[PDB]
């Protein structure tokens, strides 16, 4: 009903139908300058003004019908920014449209953007810029109705130093020299499918591309292209599976962009151009579920969208459910269950971390006065997933539940919805299984904090060997350590190795002699897989091994994926031997970190 994260006019007052963006990237000033032309349709009679979201934007003027109009910026409301009211020259009737042209400039401190100097890049000779608009940072790039309840099409023309390449969440529509300036190029983009504004994305850097499938290029700096092509080579097979599960892929191209290491997420589902962390580059495709997840959002999230951020689980739960079905089609149902049981484990971790009563462990959250970056967690992912896996099992199994998902996607394509919309459609589709549905504790699942009231059933086949080795280490006494050997690992996949470490980490600390023996026989220090290394380093630091302190600081600072960086810094702050170092290292690095990450690691460490 009400988007408590947006200050703009709601969609019941007016709706943006289209954005035509013309902007210029200035690396010297770290500003984006340009014009945002919004086509806005009135939803009411006699509309004479409207309000847009902005954060730290400089507004030059607003033009309608070729004349400047009056506008007013209200006072800042912390993380929400400042509302911008515009006085329309003529009153609009219901469904009438006008085009509002706003000239603006971003702040170098924009919460949407990270600006990188040449030394922070792979090639060391060119700077780099990237955006991350989800959840509410589009307002820090351009003035807009910064709410997923509104969906618009967009066209953009971006001017950049001619040695650099611009990409956006859109189909590429040519490059030309900038006729106003020969040192620059203009890149053009078209997004013909309506999208919420959190899906607007921009990258500018010394990018190259390699084709990896019929509708997929990978893009990165030259140094990463080869490894990326290999690592994501499953993309087209996964797109095909996802089409079978969700119906047609409506976006045209499915390209991948591998960001610098400071990117805060594993991935970001920007339409036409999924953004991924280079920490995926394990060498063996083992972290490809991230891609399966990003691909899945082309249906769940990007086609059917949460109406407000309070209903984020809709986007994420369903996406995790489809992701695990793609991985299950490729590798088997026993693997699907393995990954699902892992997921429950992750849910346990988040709920223990927040506390059983914390409101951020509820599936549907109330984000009134809560910065969504602060609330962000695995909970909507994994409690959302568990709810759907529970429902699958209750309602007749995966094939049956997959027909509901495809139907849900068809019903709500191109729209924005609430948890109640979803639940009503669930009841409608499963009208002949209402008796079953009423056995569900909805208030607990949707609205109560803590672990779900009921645990799904999981096949244990692939997990048993992980638990068994974990238990042998946990229950080992000193006189048992000689019995461990490298051959312990011979029949474990890399996913199984990660799960053995996750199991053991849940029981951490182990004795220091146990962790040393583990290094001696398994040589976990040599593993470069990011997930495995992250869990190993946490196990080491929680077990108080001083030798791991430099390896942990290094991992925490050399990449910036929040999943890895936030807990490493937290573990390092909690180890007395590393506390001062963790703080100092944060303080030394904070100015060159991603602005969201920096804010969050500062809160975690209770510094500034």
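Residue numbers count along the first chain shown, from 1.
Averaged over their C-alpha atoms, the temperature factors of 260-268 and 115-123 are higher for 115-123. Legend: mean Cα B-factor per stretch from the PDB entry, 506-514 versus 83-91; the higher mean is in 83-91. Comparing the C-alpha B-factors of 448, 169, 471, 530 in the entry, the top value falls on 448. When the Cα B-factors of 198, 312, 299, 429 are read from the PDB record, 429 comes out highest. Residue 566 sits in the lowest third of its chain by CA B factor, as recorded in the PDB entry. When the modelled residues of the chain are ordered by their C-alpha B factor, residue 182 lands in the highest third. Residue 398 sits in the highest third of its chain by CA B factor, as recorded in the PDB entry. Looking at the C-alpha B-factors along this chain, the one for residue 33 belongs to the highest third. When the modelled residues of the chain are ordered by their C-alpha B factor, residue 59 lands in the highest third.
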